[PDB]
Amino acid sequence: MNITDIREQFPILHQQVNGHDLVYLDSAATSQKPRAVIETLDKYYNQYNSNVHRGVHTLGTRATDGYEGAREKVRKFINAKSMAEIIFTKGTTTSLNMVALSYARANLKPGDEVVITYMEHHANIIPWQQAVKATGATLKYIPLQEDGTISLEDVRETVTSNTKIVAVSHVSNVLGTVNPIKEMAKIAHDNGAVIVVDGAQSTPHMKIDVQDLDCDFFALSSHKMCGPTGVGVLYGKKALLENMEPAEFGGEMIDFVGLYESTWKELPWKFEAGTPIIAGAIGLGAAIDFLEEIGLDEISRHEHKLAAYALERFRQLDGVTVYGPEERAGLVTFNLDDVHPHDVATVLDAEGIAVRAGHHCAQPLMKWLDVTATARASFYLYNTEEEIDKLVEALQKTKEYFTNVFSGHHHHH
């Protein structure tokens, strides 16, 4: 856990922006990669790239063993029962779409309900909007408490015997809320519904055990957990996946192809059409190895300390609003009084500090918060308390700068 030694493994952190040391606080948008991951990609392309299938030629066997070896690493990492339940996809968004297309569009009829929350990312809203439209079903929202948490009483109220799907984020990328997924799964199941978990913001930062959560589906993205871009995972309980039709069709996912009719491969390959994301999946396996070596519990404890420190330091600033609860993941979404968050991000980037401004792909949540946009600083395993000091110092300077501009302007005119 020596943080200097961790940071030494991430080449991208060692540079300057606008003549200042880079302070990267946008890991919730995408994470940075250690040498172990980057070198895994290089070794792949330098030494054993080939299309998959064993029993053909040597490099082909190496590539296949790498690819399927990564599938097993994923299985172990989330504690799934079987590799049949681990599907490689392009990312969380594609994973959630696959569930909406192959499960929801097949199992919803008029009168059935899909239940989501106001804090969902767009990836876990729009596929369900489309699925309910296609089927004549109903979309419903679980309300939030005043601090941006979900009460289990509101879940019990909203979920009914007509509910077929409950879809929810494990962790919000805006509020930092950790939702009570295990308890929500029980409520879903008691009502005859499945639960679909958007795990994009939880997987990088805390241990996932899908057997303990009892989630029916779980989606994650490589690029948020030190892995390559363009790859993700869909986990689904084997019994559900066995009864779902493929979302995409082509080579690799078939068994027999006739002129008019075809039959599908067994799981997981039923859901993997075309040449797979070979290098990316292998690289994601390397990210998992890297994270496990540090320890996800160790990473969670570091983030708990960074979050506590940030919240305290933000409370030292006058004229700053922080959104969400005290108990949270490693991020802070905020606004400065009388400064647009896009201007905050601009001024901070001039100091080397990378944060994000906008709606963070959660427009319904922005409306619930009664704002159009916010600024967000997000932390990961390579971030330090010194970086949070720099952030809060820069925010104080930003307030002073805009105050002076306002007074200069009012005096003129």
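A residue's number is simply how far along the shown sequence it sits, counting from 1.
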note = Stretch with higher mean Cα temperature factor, 81-89 vs 150-158, is 150-158
query = Comparing 275-283 with 310-318, which has the greater mean CA B-factor as deposited?
reply = 310-318
Options 167, 233, 187, 226 - largest CA temperature factor per the record = 187
note = For 216, 198, 327, 72, the deposited C-alpha B-factor is largest at 327
ask   = Among the modelled residues of its chain, does the C-alpha B-factor of residue 192 lie in the lowest, middle or highest third?
value = highest
key: Chain third (lowest, middle, highest) by recorded CA B-factor, residue given as residue 63   = lowest
query = Among the modelled residues of its chain, does the C-alpha B-factor of residue 25 lie in the lowest, middle or highest third?
reply = lowest
message = Please say which third, lowest, middle or highest, residue 267 falls into when its CA temperature factor is compared across its chain.
response = lowest
message = Using the temperature factors of the C-alpha atoms in this entry, rank residue 101 within its chain: lowest, middle or highest third.
response = middle
